[PDB]
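Take a look at this one chain, the form deposited without the ligand, written out in structure tokens.
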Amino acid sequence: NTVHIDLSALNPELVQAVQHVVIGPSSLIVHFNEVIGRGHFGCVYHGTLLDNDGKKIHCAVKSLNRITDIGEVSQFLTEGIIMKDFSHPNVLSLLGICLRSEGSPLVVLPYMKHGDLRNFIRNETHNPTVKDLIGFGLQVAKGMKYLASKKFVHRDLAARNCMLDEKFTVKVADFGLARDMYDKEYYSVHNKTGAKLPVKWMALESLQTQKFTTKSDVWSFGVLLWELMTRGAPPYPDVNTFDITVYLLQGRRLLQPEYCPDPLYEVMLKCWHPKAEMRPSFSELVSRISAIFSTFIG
């Protein structure tokens, strides 16, 4: 209850360029007993977004508690509300933002019945077939192909960041500042800057330079496929951050899951090429995986 931002000192050209994303206080209903889920990420609430023709839209609402002042609000708008006007069936897009005077800004996302892709496939109550799992990988590849075309570098591609709707359409999400805290199991922390680093998903060059590209998104996509075909097993479970790096430097890789098609494993191994320029583009991945999915019977 200490967050105050003076909306009127926001750059007038920035507030013009983002006004179509801003939701008014009376156009979003949020009941605070109605929680979709809780975690390290914070608390995600049920919301109802009210359009102009009495059309009610079910959404998920989250306070961006990491945004505490005008400076951070500005940066967030300059990187998040321009720089994320995306529209693709396999990309989770922002429904809008509540800019508040008192309190952190709210983000409003489409409701996703089946939650994150990792938890869904780990749940033995569900039965995604081998073909279904490749189909999920295919859907992610298409979302990533779209994002690469927009020159958007995700940086945190992983099964936990892909969401599943009620029709089982996979949407690639980027919760930028939306995650309050990050699980120690998956994210290392940089001592000096506080940067969160998803080491077991990072390309070899990123483990060295801390720099991300589309080609490092391709590496992470390989790991995501591995996650899919193992039904959400943790990559490199026994192993610390230094030993993972040595493992990879030796040219060792994640091992072929049971029931994973050989052609699909070849694709994974190509994603983990040590030379970034030698990894497949997402165009190549969508082509390759589409054929694997289409011709999959056995």
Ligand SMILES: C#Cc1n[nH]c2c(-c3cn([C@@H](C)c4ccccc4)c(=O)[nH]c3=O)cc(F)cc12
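The first residue of the shown sequence is 1; numbering continues from there. Note that the rigid core is defined as the largest set of C-alphas that superpose within 1.5 Å between two forms.
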Practice task
With everything overlaid on the rigid core, name the stretch, 218 to 226 or 84 to 92, whose CA atoms wander farther on average in 7 other deposited structures of this protein.
Solution key: 84 to 92
Problem - Between 238 to 246 and 254 to 262, the one whose CA atoms sit farther away in 7 other deposited structures of this protein (rigid core aligned) - result: 238 to 246
Practice task
Tell whether, across the other compared PDB entries, at least a third have no coordinates for residue 195.
Solution key: yes
Completion exercise
Looking only at C-alpha temperature factors in the entry, 30 to 38 or 228 to 236, the higher average sits in 30 to 38
Handout entry: Comparing 151 to 159 with 214 to 222, the one whose average Cα B-factor in the PDB entry is higher
Key = 151 to 159
Exercise for the section: Specify which of 273, 66, 55, 62 carries the largest Cα B factor in the deposited PDB entry. Expected result: 55
Exercise for the section: Could you tell me which one of 112, 117, 81, 107 shows the highest CA temperature factor in the PDB record? Expected result: 81
Exercise for the section: Consider only the C-alpha atoms of the modelled residues in this chain, order them by B-factor as the entry records it, and name the third containing residue 246: lowest, middle or highest. Expected result: middle
Exercise for the section: Sorting the chain's modelled residues by C-alpha B-factor, tell me whether residue 91 ends up in the lowest, middle or highest third. Expected result: lowest
Problem - Assigned third (lowest, middle, highest) for the C-alpha B factor of residue 182 - result: middle
Fill in the blank from the handout: Of the three thirds of Cα B-factor ranks in this chain, residue 142 occupies the lowest
Handout entry: Entry-reported Cα temperature factor of residue 279, expressed as the chain third it lands in
Key = middle
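If you look for the form deposited with the ligand bound, you will not find it shown, but the lines that follow are about it.
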Problem - Contact residue in the deposited complex, from 97, 130, 148, 204 (heavy atom within 4.5 Å of the ligand) - result: 97
Completion exercise
Answer key, the ligand contact in the deposited complex at 4.5 Å (heavy atoms) among 228, 218, 170, 107: the residue is 107
Fill in the blank from the handout: Note: the ligand not shown here; in the deposited complex, the stretch from 61 to 69, 258 to 266, 22 to 30, 245 to 253 having heavy atoms within 4.5 Å of it is 61 to 69
Problem - the ligand contact at residue 93 in the deposited complex, heavy atom, 4.5 Å - result: yes
Exercise for the section: Please check if residue 189 has a heavy atom lying within 4.5 Å of any heavy atom of the ligand in the deposited complex. Expected result: no
Problem - Partner proximity in the deposited complex: residue 199 to the ligand, non-hydrogen atom cutoff 4.5 Å - result: no
Handout entry: Contact flag, residue 76 vs the ligand in the deposited complex, heavy atom cut 4.5 Å
Key = yes
